[PDB]
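The primary structure of each chain is shown beneath.
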Number of protein chains: 2
Amino acid sequence: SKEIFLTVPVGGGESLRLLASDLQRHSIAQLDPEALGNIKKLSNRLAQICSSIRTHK
Amino acid sequence: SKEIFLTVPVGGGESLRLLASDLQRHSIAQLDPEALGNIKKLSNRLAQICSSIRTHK
């Protein structure tokens, strides 16, 4: 494991392998309703951590 | 694999396991300079896909 990726199990079984070096839109737009919710929260919460970090200091 | 998580290899070896159900801030603030860059892009690009999807239609 060298590259970064997200694991979003389609529905509730097989886990998906989507690398950040590409981040396919459809791969996420083909998930289940419950999945879309998790993803949205993933980016939202994450975005908060970044700003919280001091990169200008 | 049922829960969603991100894999950010610290420096360049062992991959990290950070679930989205918690998303630890420090775990990301302790990574390497090259890692922080990838993460920031991960959330940015992802955020675009969401808005691209039609959830109001």
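The deposited coordinates derive from solution NMR.

The name recorded for chain A in the PDB entry is Borealin, from Homo sapiens.

Caption draft 1: Just the interface of chain B and chain A, in detail. On the chain A side, the residues contacting the 29 residues of chain B number 30 residues. Summed over both sides, the interface of chain B with chain A buries roughly 2700 Å², with 74% coming from carbon and sulfur. On the chain B side of the interface with chain A, the three residues burying the most area are B:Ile4, B:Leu23 and B:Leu46, jointly 21% of the side's total. Scanning the region where chain B abuts chain A turns up 3 residue pairs in polar contact. Mapped onto the side of chain B that touches chain A, the elements with two or more residues apiece are β1 (5–6), α1 (25–29) and α2 (33–52) of chain B.

Caption draft 2: Structural detail: the packing of helix α2 (residues 33–52) of chain A against α2(B). Closest axis-to-axis distance for the α2(A)/α2(B) pair is 9 Å, and the angle between their directions is 140 degrees. By the angle class used here, α2(A) and α2(B) are oblique. Classified by chirality, the crossing of α2(B) by α2(A) is left-handed. In this structure, α2(A) contributes A:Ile39, A:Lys40, A:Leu42, A:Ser43, A:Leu46, A:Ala47 and A:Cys50 to the contact, and α2(B) contributes B:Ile39, B:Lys40, B:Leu42, B:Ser43, B:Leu46, B:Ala47 and B:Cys50. Residue composition of the contact of α2(A) with α2(B), grouped by class: 10 nonpolar, 2 polar and 2 charged.

Calculation rules
For each chain, numbering begins from 1 and proceeds through the sequence as written. The entry may number the same residues differently, and residues missing coordinates are not shown. Each chain takes a letter, starting from A, and each ligand takes a number, starting from 1, following the order in which they are written. No hydrogens and no water enter the side-chain calculation; it runs on all heavy atoms of the structure. When checking whether two residues touch, look at their non-hydrogen atoms; a contact exists if any pair is within 4.5 Å. By definition, the buried area sums, over both parts, the 1.4 Å-probe accessible area that each loses when the two are put together. Under this definition, polar contacts are N or O atom pairs within 3.5 Å; protein pairs additionally need one hydrogen-donor-capable and one acceptor-capable atom, and for neighbouring residues in sequence, both atoms have to be side-chain atoms. Helix and strand definitions follow DSSP, with helices as H or I runs of at least four residues and strands as E runs of at least two, each counted in order from the N terminus. Every axis in this analysis is a line fitted to C-alpha atoms, fitted for helices over the stretch in contact. Angles between the N-to-C directions lie between 0 and 180 degrees. Between 65 and 115 degrees an angle is taken as roughly perpendicular, under 35 as roughly parallel, over 145 as roughly antiparallel, and anywhere else as oblique. Whether a crossing is left-handed or right-handed is set by the direction in which the near helix is turned from the far one by less than a right angle, anticlockwise for left-handed and clockwise for right-handed. Ten residue types, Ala, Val, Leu, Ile, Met, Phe, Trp, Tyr, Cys and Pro, are classed as nonpolar, four, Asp, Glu, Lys and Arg, as charged, and the remainder, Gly among them, as polar.

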